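These are the residues of each chain, in order.
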Amino acid sequence: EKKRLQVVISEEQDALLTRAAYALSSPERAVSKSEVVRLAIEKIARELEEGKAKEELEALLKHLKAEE
Amino acid sequence: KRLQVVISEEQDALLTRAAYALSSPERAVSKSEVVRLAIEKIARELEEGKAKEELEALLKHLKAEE
């Protein structure tokens with residue numbers, strides 16, 4: 001009922017992840033880095049389904065692959 | 001350098017579909033690449049202060065389902 005995932009990430013990506021977790025978190029609600037990942041996956045699935053971001057997503061993707 | 005994340009079967013299905021959508025015969029986009037993309041995209045969205053309520057609602061639903 002739960003899938004496990006393994007991702008290697010860049011120092012830039014790790015810093016972005018940490019900053020996002022703190023931004024979403026509050027004294028009332030804690031957001032782990034894992035929860036930011038699950039949220040990012042849902043949010044991007046919505047944008048892909050709603051068909052408005054795929055051009056920007058492709059520019060972001062092309063730069064990401066070039067760095068890798 | 002490496003990260004391990006526990007994700008839902010529904011979330012895994014969403015990741016798989018996203019990986020295939022971004023991919024083409026010319027370019028392969030792995031699930032790991034979709035996660036890197038997704039982290040970058042959500043950081044950008046936090047920066048512009050847009051869909052803060054959408055992000056928090058998705059977060060509330062995500063946590064309820066955990």
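This entry, as listed in the PDB, derives from X-ray crystallography and reports a resolution of 2.457 Å.

Asker: What should I look at first to understand the overall build of chain A in this one?
Answerer: When helices and strands are counted, chain A shows three helices and one strand. When the helices and strands of chain A are placed in sequence order, the string is β-α-α-α. Against the globule reference of 11 Å for 68 residues, chain A gives a C-alpha radius of gyration of 14 Å, more extended than a compact globule. Seen through its C-alpha atoms, chain A measures out along the principal axes to roughly 35 × 30 × 25 Å.

Asker: Teacher, can you tell me more about unusual backbone geometry here?
Answerer: For residues besides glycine, phi is generally negative; the peptide bonds are generally trans as well. All names here are of chain B. Positive phi, close to 55°, is recorded for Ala 51, a residue that is not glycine. Inspection of the secondary structure puts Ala 51 in the loop between helix 2 (31-48) and helix 3 (52-65). Note on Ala 51: relative accessible area 29%, which makes it partly exposed.

Asker: Quick question: what am I supposed to make of the packing of helix 1 (residues 9-22) of chain B against helix 2 of chain B here?
Answerer: Working note: a packed helix pair is described by the angle between its axes plus the distance between those axes. Residues and elements named next belong to chain B. Running from N to C, helix 1 and helix 2 point in directions that differ by 95°, and their axes come no closer than 9 Å. It follows that helix 1 is roughly perpendicular to helix 2 by the angle criterion. Residues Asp 12, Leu 15, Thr 16, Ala 18, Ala 19 and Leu 22 of helix 1 form the contact with helix 2, whose participating residues are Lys 31, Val 34, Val 35 and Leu 37. Across the contact of helix 1 with helix 2, the residue classes tally to seven nonpolar, one polar and two charged.

Calculation notes
- Residues numbered from 1 in each chain as written, not as in the entry; some residues may be left out.
- Chains lettered and ligands numbered in written order.
- Heavy atoms only, no water.
- Residues with missing side-chain atoms left out of burial classes, pairs and counts.
- Helix = DSSP H or I, 4+ residues; strand = E, 2+ residues; numbered from the N terminus.
- Rg over C-alpha atoms; globule rule 2.2 N^0.38 Å.
- Buried < 20%, exposed > 50% of the residue type's maximum accessible area, 1.4 Å probe, protein only.
- Axes fitted to C-alpha atoms, helices over the stretch in contact; angles between N-to-C directions.
- Parallel < 35°, antiparallel > 145°, perpendicular 65-115°, else oblique.
- Contact = heavy atoms within 4.5 Å.
- Nonpolar A, V, L, I, M, F, W, Y, C, P; charged D, E, K, R; others polar.

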